[PDB]
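For reference, the structure is listed below as structure tokens.
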Amino acid sequence: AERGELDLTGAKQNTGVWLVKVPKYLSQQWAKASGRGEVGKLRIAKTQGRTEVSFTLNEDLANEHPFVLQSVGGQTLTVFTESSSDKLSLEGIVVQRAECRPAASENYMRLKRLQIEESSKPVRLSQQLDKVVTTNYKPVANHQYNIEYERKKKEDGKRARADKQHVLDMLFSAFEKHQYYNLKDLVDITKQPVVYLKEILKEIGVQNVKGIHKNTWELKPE
Amino acid sequence: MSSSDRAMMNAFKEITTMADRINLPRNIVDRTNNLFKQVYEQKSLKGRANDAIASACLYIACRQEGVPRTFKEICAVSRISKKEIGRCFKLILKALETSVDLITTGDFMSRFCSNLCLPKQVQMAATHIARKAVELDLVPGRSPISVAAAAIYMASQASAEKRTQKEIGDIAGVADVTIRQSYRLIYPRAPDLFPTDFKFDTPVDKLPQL
DNA sequence: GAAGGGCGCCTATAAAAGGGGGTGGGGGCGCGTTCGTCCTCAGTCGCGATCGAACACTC
DNA sequence: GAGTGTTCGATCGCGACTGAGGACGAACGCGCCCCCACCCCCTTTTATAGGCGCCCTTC
């Protein structure tokens, strides 16, 4: 009992299955399967030198498809499953392949219509516009700038310096995570002018290029 | 090998990119390019945003071509507040020491009526209505565009091509109440303000009130 | 719920001070690119060593 | 008579010589981030008028 475990029962039972190719329009008729899922009935006639299989649509499904049998030789085919409980199972080995084809029921016109019917689209072609002039309103002030304004008026970066103390305490917190930080990142924790900040970082630390040019600051090892 | 001009150089691309959005004649743009160059050469206003100056140069050139475009319009193509454009504008007038001209309603009769696809007869009727109204100073307060729009409204209301004030208001950008007020100011003379060569679609008596 | 008109708000100008901002101008340090230098092997030939061989001296 | 030692010829090993190829670097190059420099930005009152947003009500 494991997710990657495949049931081999079908194969080991030598279970056989049949494979049939079916056109989409018929398959679209089949998605409307009558009742629980019945679509019709299959008829099989075998003779001493001729074998005929065909399928006939359910009268409900209607509101003859001959089969062409194909070889499965050259490539062994088996069917394997994935449950809705994600369990894996091998149901069987393919003992027959076949294709559903039209017979004496159509030349081309309906198929052409069927193709047309499936489409029902303008392919994407540019069908005019004909002519318009959707000129764009002047908003007396830049909208986003204006939107910026509602936000801007709420708070300023021009804050006070009652902190020749609260900022150093915060410095212990940051530098506890890493020895050195970028000046912009130091600016992010702070709410004070960089020049004032520069005065602080000079006071308890020095700085680097860290081999990356960037003004990176750290606490004094001494 | 030219860092000093590079904001000016970019400004004329941005001037061109600003003239591009509303299909402006190149002669206007050229004077504008010349105006900036002059403003640049003074450098006295180097403590100012280039894009505002470009936009102000643009407002001036239209007036210099006798076809001003509203700041509201000029705002549509720029980020600069009308206030800063006006501010920069004043500075340029002082910077370049040159006078300007007063606006006329008829200069905007063309495109707005065009934007409404109104026939020349309505367009021309509005212009007279506007012209007669200003000569009589029937509206010594409201902006001439606001006055013009109501005249256009009145005119449109005097033809089959009637439109709601909000649509007109939407096209002119003015408040729908401002037209409504301006209309209240012109309405007393609605009948006599019309040109002598006109064909009513609705009697002046039957002109709506608001 | 959606439309509408009325209330009330904003703006525009004038004048300056204190503190933070911001853009421009200027500059420094790292990363990216390209051609030249350095290293190596293959190939031929001269050169030195080694194998082949004859004559003179001692036993 | 026979046995041993020495040297030029000859034979074989060697390395020098020349070129092409692969890998390396350094000069050249790119751009961001740093900082100083220059100068706006915010607030109030008093007066005025134009434009205007939001709410309340009614459809």
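Going by Swiss-Prot, the residues shown for chain A are 2-64, 80-238, listed in order.
The backbone N, Cα and C atoms fix where each Cβ goes, and this holds for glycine too.
Feature annotations, courtesy of Swiss-Prot:
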MOD_RES   A:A2  N-acetylalanine
MOD_RES   A:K22  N6-acetyllysine
MOD_RES   A:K33  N6-acetyllysine
MOD_RES   A:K137  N6-acetyllysine
MOD_RES   A:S142  phosphoserine
BINDING   A:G227, A:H229  DNA binding site
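Annotated features, which come from Swiss-Prot, shown on the structure.
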residue	record	Cβ neighbours (10 Å)
A:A2	N-acetylalanine	4
A:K22	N6-acetyllysine	13
A:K33	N6-acetyllysine	11
A:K137	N6-acetyllysine	7
A:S142	phosphoserine	6
A:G227	DNA binding site	7
A:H229	DNA binding site	8
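Rounded to a whole number, the distance between the Cα atoms of A:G227 (DNA binding site) and A:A2 (N-acetylalanine) is 56 Å. Secondary structure from DSSP puts A:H229 (DNA binding site) in coil. A:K137 (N6-acetyllysine) sits 23 Å from A:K33 (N6-acetyllysine), taking the C-alpha atoms as the reference points.
Classification of A:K22 (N6-acetyllysine) by DSSP places it within a strand. When the Cα of A:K33 (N6-acetyllysine) is compared against those of the recorded positions A:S142, A:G227, A:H229, the shortest separation belongs to A:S142. Straight-line distance linking the Cα atoms of A:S142 (phosphoserine) and A:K22 (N6-acetyllysine), rounded to a whole number, equals 38 Å.
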